[PDB]
Structure formats: C-alpha cells, structure tokens
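J.: Experimental structure and its sequence below.
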Number of protein chains: 2
Amino acid sequence: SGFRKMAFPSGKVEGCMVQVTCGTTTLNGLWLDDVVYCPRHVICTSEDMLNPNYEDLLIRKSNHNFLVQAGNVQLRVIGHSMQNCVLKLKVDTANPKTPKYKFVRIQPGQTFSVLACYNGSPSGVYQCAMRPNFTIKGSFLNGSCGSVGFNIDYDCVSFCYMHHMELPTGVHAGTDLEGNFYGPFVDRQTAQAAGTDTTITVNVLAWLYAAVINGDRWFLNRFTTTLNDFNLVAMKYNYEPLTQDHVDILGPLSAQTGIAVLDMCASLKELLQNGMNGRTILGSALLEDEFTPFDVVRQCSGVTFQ
Amino acid sequence: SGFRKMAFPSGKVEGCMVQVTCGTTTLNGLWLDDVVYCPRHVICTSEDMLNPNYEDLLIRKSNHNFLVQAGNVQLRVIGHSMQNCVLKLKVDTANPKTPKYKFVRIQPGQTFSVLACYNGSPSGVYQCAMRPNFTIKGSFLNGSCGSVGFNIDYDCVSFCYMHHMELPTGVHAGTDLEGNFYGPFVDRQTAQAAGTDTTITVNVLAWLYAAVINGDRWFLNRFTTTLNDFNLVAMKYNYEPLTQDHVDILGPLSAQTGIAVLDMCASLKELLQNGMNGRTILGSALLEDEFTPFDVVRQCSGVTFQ
Ligand SMILES: *C(=N)[C@H](C[C@@H]1CCNC1=O)NC(=O)[C@@H]1[C@@H]2[C@H](CN1C(=O)[C@@H](NC(=O)C(F)(F)F)C(C)(C)C)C2(C)C
Ligand SMILES: *C(=N)[C@H](C[C@@H]1CCNC1=O)NC(=O)[C@@H]1[C@@H]2[C@H](CN1C(=O)[C@@H](NC(=O)C(F)(F)F)C(C)(C)C)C2(C)C
C-alpha cells in the first residue's frame, strides 16, 4: 500500500552526465557513445543572448574551444555540429557506460523523471509531467541546463527532454534530444510567455483509481454520466476533454476496482461542482494530475526494470 | 526556481541490491563488500510468522539453504549470522561496486530517499520523512522487504533504513542497518499499531521559507510572537513544540529572506487558526512537513554530490 510521487532509478543516466565548458559558460552534457549532446547556447556570451546568430557563433569556434570533463577525465573534442537547438560534440572516447537508449518525443500529459545536474554532477531526481501548454513545473537553478528527462522501458532508457530555460512564471521549457523545442519557445532572452494551462483529466481519473485501490472511497457515488455530459462540465473548469481512447486506457484500473470509467467521471463531476470540503484524497487537498494511468498500474502492481 | 519532492540519485545504491531466496521466500538484500544484509524473516515460512523463534529457525539452516543472486551471477554463501533483526550473509565475492558508506540511525523529522526494489531489481525512488511515531508513509508491495533508505553526504552513502513490514493503517516500519527497529515494533505477525502522529513544525517552517524564496508571500504578516506563545498554539493543533535549536537551524533561511524565525511563526500561527481558505502554497492546499531545513537549502541553493 501507499502512493508516492515516484521517479525512475537514475543509475543508468548518472553515468552519462558530463560537464561542458565553452568560454566562461559551463553547463551539462549527455555523453552517449562518442557524442556529447548539450544546449547550443553554451556558445553564447552575455552580448549574444538577446539576439544570437548561432550559425555565426558556431563557425567562429574550433574543437579546442570546448572543454568536456567526465569527472576528472578530460574528453578530447574531435568534431562538432549543430542539430536544431542542440550541439553534438564528437569526442575521441566512446562512453563505456552507454546504456541501451533511444530518443523519443513525448506528448502533453505524459510523465518522466528529471535528473537535475550542476557541473556534470547529479544533484537530485524527481518526477514531472509535460503540461498541456508544453512547459514543465520543474525545480532548476543556474547551471542546470543540459539536465535530461527520461523514462525506462525494461532495459531501455528513453530520453525525452533536455533543459534549456526558465520562463518568467517560474516554469521550465526545453527540447527533445533532436533539439526541437517543446512548445512555441526559442533559445534567446526575448519576452516569451507560456499559454494558459489546463488540468489533465485522464490523469486525475487514474489518481482517483489509485485512491480507491488504497482505501479512500468517500468520494464515490452511484451515479453514471456520459462522455458528452462530463466533457460539458469539464470545459467549464478548464479540464481537458475526455476521449474514448482515454476510457480504454483506464480499462485495467476499472477492471481491478470494479468501478466503471463513466461511474468515476460522475464522482469527478461532483468533486468539481461541490469541492472537497476539507477532506483529502491520498493526502492531498487538491486533485492531482501528474500521474498517468501507467504510473498508477506500475506503482500499484510493482513493475521493475533490468 | 521551483520546488519539488526531490530524491537523491540512486546509482550508487542500485549497484548493491541483490535477491535473497531461502525456501519459498524471496526478498531483497544489500551487498556491501563480502556481506549481504537482509531482513531475518527471510528464514520464515507461513507457520512461523505468528510466533517465530529466530534462534531455532536459524540453527536449522545451512549456508546452502540461502540463494543469493546479483542479476544473473549467483553468490556463494560461506557463512551466516544474525544481528538483531537483520541477517548478515557472508559471501565469497566482495562487491566491486561498494561505495564509501556508513550506517546511521536517523531521528524523527529527518528525511531520506527510498530505493524500492523487487527481486533484487530497483523499481523506483522517492523521498520520505521518519514520522514522530517512528513509521514512514512509504509505497511498498509484497516482495519489497530489504529495500533500503539512504542519504548522500558528498561522496558517502549513509544507509539509515531497511524495510520490514506494513502496518494495518497502511504505513511502514523497519530497522536501521544494525537491525534495531525504529519504534516499538517487532518482526512478527501480531497486532501492532502505530501511535498517534504529529506534524513536524520545524519542517513546516522550512517549507514556508521555500515558498517565500519562490515568490509565494500572501500568508506573511507584520506580527511577531514568542516561542512560548507559539508552542501553546501548536500543541492545540498536534504540532511538535518548537525549540531554540530549531530556531538556530532555520538561521540560513531567515538570513536569505530577511524574515525572522519568530515572524514566520506568527504567519504559521495565523494559518493554523484561520486555515488557508482555498489558497495554495507551492501548489499545495495543506501545510507540508516532509522537507527539512537542509532539504530546502539544498534545493534552493544547488548542492551536488561526487
Ligand atoms: C541554463 N543554464 C539556464 C537555466 C535557468 C536559470 C534559472 N533556472 C533555469 O531553469 N538557462 C538560461 O539561463 C536561459 C538561457 C538564456 C536565458 N535563459 C533563461 O532561462 C532566462 N529566461 C528567459 O530568457 C525567458 F523568459 F525567455 F525564458 C532567465 C531570465 C535567466 C530565467 C537562454 C539562452 C535561453
Ligand atoms: C516484505 N516482503 C513485506 C512487505 C509488506 C507487504 C505489503 N507491503 C509491505 O510493506 N513484509 C511482510 O510481509 C511482513 C512480514 C510478516 C508480516 N508482514 C507484514 O507486513 C504484515 N503486517 C503485519 O503483520 C503488521 F501489521 F503487524 F505489521 C501484512 C499483514 C502482510 C501487511 C513479517 C515477518 C513482519
């Protein structure tokens, strides 16, 4: 029993983190085989961040302008190139700790673990979701750029996020590992704002199932609603609309608790209209939307990795 | 910016987890140098759990009754002994991944990371606090026994917790690594209950400072109270009393925000008497007590590890 915001074990990623210095700017890089990936703005100074021309900045650099350290060992850079918003640094030594990996682009509502790093050294691990407005609510200080987000599928690490910047509302924006931004952001110091965020409905439902599995039942009722009646209520409260695909995804949780998806929507419908009235669910007084259906199954059934 | 429930990177611990089988019972063990530590009830069957006599059960075993696997490699057990509630299995191979480590007993209110494991394989990592009633609010399924809790101090892993059991309220109890239980619990299937829990006041204050650092200021006020006036209010709400040592510990956070500890107590005093009234603090509608002052400093200043 119990329910916690659980991250993936980070061992396989810790062995890939390196420190990248170019000029007076130091940040983190990801070392897989003989390539080090890092944010391209490592080649920027202060004069450059308002309106950088990265093609110009890069041609004016040579391999020896880039200092790559894996702990104390220095890595010799033998070639560099730019792919969208990431720099790919070819080095003379392949990382012997390279795990089986792939590069995936995730969708809003999906979750991943973040290994926050400073100077190539891992500082902490935490779980978060990609918000519907393509930002993440992370915890990041100066120097954290190049920290990566990831999932683990059996033995395979899927990298899905590299950190680039903090927006003025205190939320965080970055790229996939091919260097393409999530959301309409750019890596310069211009005036950028996230769009309005919405609550991830399928995730709230998954969390209500986790609560039932763990013995919190007080919000249930006998009513049933329809997909269209629910979605009409959800839009009023800035909740994402629910689709038949979401219903099917919630199947395993419905079967395990004997509570039909559309039954649970009627409970959620009541919670949105009447509030929780000083009661808590799994130790929270707000509705939690950063657990996917698969997170709940994994934590309430006990899937491991190798 | 931002604030997350952050765990320590788990790499150094992942390399020490093994699977221990005795009979039809399999659980996790901790492999440091040539010793494997695991819960002693691995030597129990179903008939034994109501009233086990562990001295009798252990003398009736030999080294070959214990199957230890580190992934696929089998470890040969060359000797065994009991230390309080843990079994120490001497093996013929010293773990080459043994980190610099020590065994520490933590106090109520302190936090640590948990590497949850099944069959020797790491499943997830999460942060929790040792509650004033010596339980932890973990997330654990069947087979998770022998999972460990730990902190990292620079390069040194301090192991502080090994998991043994779930209580009927759904909370979790275990031992330090010398096998001594936290709290008045025993490793048998008798009727045991945790005592009443209290809120960890020094931790709530640290979290309020984190909120100020991150721009949440709405709960502040101009009032100041005394230690005795505050503690008189805290006891009414089942909060731990505040000591001068706690005040001193909150020093760095007071200096960074320019808000005196006793000023912040007056805000907390108001929040306890009037509630939060539909407002949130760092994304929570309840007062959070599982961040120590040191957790806040670490996350809002950016201490790494090597
Ligand atoms: C990478 N090392 C940092 C990470 C930041 C620092 C505070 N927390 C974080 O997540 N990234 C940057 O310094 C990037 C960098 C220039 C500007 N920048 C920012 O994060 C700034 N934000 C923006 O300009 C905005 F609002 F547009 F996103 C800052 C004002 C420092 C928060 C570049 C090249 C994008
Ligand atoms: C170790 N593999 C498990 C971990 C448990 C299973 C569910 N979640 C957990 O944390 N530990 C046990 O099976 C221990 C084991 C006998 C009884 N036991 C329990 O956890 C049981 N609880 C108690 O007997 C109680 F209430 F006294 F704590 C159970 C009913 C299965 C929850 C021994 C030797 C203590």
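T.: Cool, got the structure. Residues are numbered from 1 along each chain as shown, chains lettered A, B, ... in the order given. Ligands and ions are numbered 1, 2, ... in the order given.
J.: Only C-alpha atoms from now on, for both contacts and neighbour counts.
T.: Fine.
J.: Just give me the neighbour total for residue A:202.
T.: Neighbourhood size, residue A:202 [other C-alpha atoms under 10 Å in any protein chain shown]: 25.
J.: now residue A:162, nearest residue through space, not along the chain?
T.: Excluding the flanking residues, the one nearest residue A:162 by C-alpha to C-alpha, 6 or more residues apart in numbering or on different chains is residue A:148, at 4.4 Å.
J.: do the same with residue A:3
T.: residue B:139 (5.2 Å).
J.: What of residue A:21?
T.: Nearest non-adjacent residue to residue A:21, counting by C-alpha to C-alpha, 6+ apart: residue A:67, 4.9 Å away.
J.: Quick check, that neighbour in contact with residue A:73.
T.: No - under the criterion of C-alpha atoms under 8 Å, residue A:67 is not in contact with residue A:73, lying 10.9 Å apart.
J.: Identify the residues contacting residue A:139.
T.: B:1-4, B:299 (C-alpha atoms under 8 Å, 6 or more residues apart in numbering or on different chains).
J.: Save these as JSON lines, and put in neighbour count, distance to ligand 1 and secondary structure too.
T.: Shown next, in JSON lines, are the contacts of residue A:139 (neighbours: other C-alpha atoms under 10 Å in any protein chain shown; distance: C-alpha to the nearest ligand atom, whole Å; DSSP: H, G, I helix; E, B strand; the rest coil):
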{"residue": "B:1", "neighbour count": "21", "distance to ligand 1": "6", "secondary structure": "coil"}
{"residue": "B:2", "neighbour count": "21", "distance to ligand 1": "9", "secondary structure": "coil"}
{"residue": "B:3", "neighbour count": "19", "distance to ligand 1": "12", "secondary structure": "coil"}
{"residue": "B:4", "neighbour count": "20", "distance to ligand 1": "14", "secondary structure": "coil"}
{"residue": "B:299", "neighbour count": "22", "distance to ligand 1": "12", "secondary structure": "helix"}
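J.: Relative to ligand 2, which of these is nearest.
T.: residue B:4 (24.9 Å; C-alpha to the nearest ligand atom).
J.: how about the closest residue in space to that closest one that isn't next to it in sequence, phi and psi?
T.: Nearest in space to residue B:4, with sequence neighbours left out and distances taken as C-alpha to C-alpha, 6+ apart, is residue A:139 at 6.0 Å. Dihedral angles of residue A:139 (phi, psi; degrees, to the nearest 10) stand at phi -130, psi 110.
J.: who has more neighbours, residue A:67 and residue A:73?
T.: Taking other C-alpha under 10 Å, residue A:67 and residue A:73 do not tie; residue A:67 has more neighbours (16 against 9).
J.: that's a strand at that one, yeah?
T.: Yes - counting by DSSP: H, G, I helix; E, B strand; the rest coil, residue A:67 is found in a strand.
J.: From chain B, how far out is it?
T.: From residue A:67 across to chain B, the span is 19 Å (C-alpha to the nearest C-alpha, to the nearest Å).
J.: how close does that residue sit to residue A:29?
T.: 11 Å (C-alpha to C-alpha, to the nearest Å).
J.: what touches both of those two?
T.: Common contacts of residue A:67 and residue A:29 (C-alpha under 8 Å, 6+ apart): A:19-20.
J.: partners of the residue nearest to residue A:162 in the sheet?
T.: Beta-bridge pairing of residue A:148 under DSSP bridges involves residue A:115, residue A:162.
J.: correct me, but it touches residue A:116?
T.: Yes - at 7.3 Å, residue A:148 and residue A:116 qualify as touching, with contact defined as C-alpha under 8 Å.
J.: Can you give me the buried ones in the helix or strand hosting residue A:230?
T.: Using DSSP states H and E, residue A:230 maps to helix A:227-236. Using 16 or more other C-alpha atoms under 10 Å in any protein chain shown as the test for burial, helix A:227-236 gives A:230-231, A:233-234.
J.: Looking at the residues you listed, which is nearest chain B?
T.: residue A:234 (19.8 Å; C-alpha to the nearest C-alpha).
J.: end-to-end on stretch A:102-116?
T.: OK, stretch A:102-116 end separation, C-alpha to C-alpha: 20 Å.
J.: which residues sit against it?
T.: Here stretch A:102-116 makes contact (C-alpha under 8 Å, 6+ apart) with A:7-8, A:10, A:13-14, A:122-134, A:140, A:144, A:147-151, A:156-161, A:176-178, A:200, A:203, A:290-292, B:9.
J.: Just the buried ones out of those, please.
T.: For the contacts of stretch A:102-116, buried by 16+ other C-alpha under 10 Å: A:7-8, A:10, A:13-14, A:122-134, A:140, A:144, A:147-151, A:157-161, A:176-178, A:200, A:203, A:290-292, B:9.
J.: Tell me which of those residues fall in helices.
T.: A:13-14, A:203 (DSSP state H).
J.: Turn those into TSV, including distance to residue A:91.
T.: Formatted as TSV, those follow (distance: C-alpha to C-alpha, whole Å):
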residue	distance to residue A:91
A:13	19
A:14	19
A:203	42
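J.: What about ligand 1: which of these touch it?
T.: On the criterion C-alpha under 6 Å from any ligand atom, none of the entries of these sits beside ligand 1.
J.: Pick the one among those residues closest to chain B.
T.: For those, the nearest to chain B is residue A:14 (6.7 Å; C-alpha to the nearest C-alpha).
J.: The closest one contacts residue B:11, doesn't it?
T.: Yes - assessed by C-alpha under 8 Å, residue A:14 is found in contact with residue B:11 at 6.7 Å.
J.: Tell me which residues touch the closest residue to ligand 2 within the stretch 101-250 of chain A, please.
T.: Scanning the stretch 101-250 of chain A for proximity to ligand 2 using C-alpha to the nearest ligand atom identifies residue A:214 as nearest, at 11.7 Å. Applying C-alpha under 8 Å, 6+ apart to residue A:214 gives the contacts A:1-3, A:282.
J.: For residue A:239, list the residues it contacts.
T.: Neighbours of residue A:239 in contact, by C-alpha under 8 Å, 6+ apart: A:198-201.
J.: Can you flag which of those residues belong to strands?
T.: In strands, defined here by DSSP state E, there are no members of the contacts of residue A:239.
J.: from those residues, which would you call buried?
T.: A:199-201.
J.: which of these lies closest to ligand 1?
T.: residue A:199 (22.6 Å).
J.: Burial check on the nearest residue to residue A:231 once chain neighbours are set aside, number of neighbours?
T.: Leaving aside its sequence neighbours, residue A:231 sits nearest to residue A:241 (C-alpha to C-alpha, 6+ apart; 5.3 Å). Applying other C-alpha under 10 Å, we find 18 residues neighbouring residue A:241.
J.: so which helix or strand takes in residue A:241?
T.: Residue A:241 belongs to no helix or strand when assigned by DSSP H and E.
J.: any idea how far residue B:232 is from it?
T.: Taken as C-alpha to C-alpha, the span from residue A:241 to residue B:232 is 49 Å.
J.: Residue A:122 now?
T.: Counting by C-alpha to C-alpha - residue A:122 and residue B:232 are separated by 43 Å.
J.: got it, and residue A:72?
T.: Distance from residue A:72 to residue B:232, by C-alpha to C-alpha: 54 Å.
J.: Residue A:153 now?
T.: From residue A:153 across to residue B:232, the span is 52 Å (C-alpha to C-alpha).
J.: dump the residue contacts of residue A:11.
T.: Contacts were defined as C-alpha under 8 Å, 6+ apart; by that measure residue A:11 touches B:9-12, B:14.
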